[PDB]
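Residue numbers (full-length UniProt numbering), protein chains in the order written: chain S, 509 to 557; chain W, 951 to 999.
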């Protein structure tokens, strides 16, 4: 028996993700972040966009 | 003189979005997807470009 898990990554919002728990949201401090597999390091701030 | 220097910096910043023949422009995405031995083969093409 064979199963082939093809998967796609960049093109759209995430739809399937790993089990790892979401944190509380930190604002107005330099932090690493992950939102739906968009990742980086930055200060996060309350937008008006 | 203002416009030339602004245009040179815009060209420099837009060049970060180029793959240079790597699987992605995004360095953290390569490092998130691949383990070290295969990641560094992609990182070297981004470094060169």
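Beta carbons are placed, not taken as given, at the ideal position from N, Cα and C, and that holds for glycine.
Item to complete: In angstroms with no decimal places, state the Cα-to-Cα distance between residue 987(W) and residue 973(W).
Response: Between the C-alpha atoms of residue 987(W) and residue 973(W) there is a straight-line separation of about 15 Å.
Fill in: 6 Å CB neighbourhood of residue 981(W) in its chain, flanking five on each side removed
Taken in chain order, the residues that qualify are 989.
Discussion item. Closest to residue 527(S) by C-alpha separation, out of 516(S), 519(S), 544(S), 512(S), would be which residue?
Written reply: The candidate whose alpha carbon is nearest that of residue 527(S) is 544(S).
Item to complete: Below 8 Å CB to CB, which residues in the same chain sit around residue 952(W) once its five sequence neighbours on both sides are set aside?
Response: none
Worksheet entry | Coil, strand or helix - residue 533(S) by DSSP | coil
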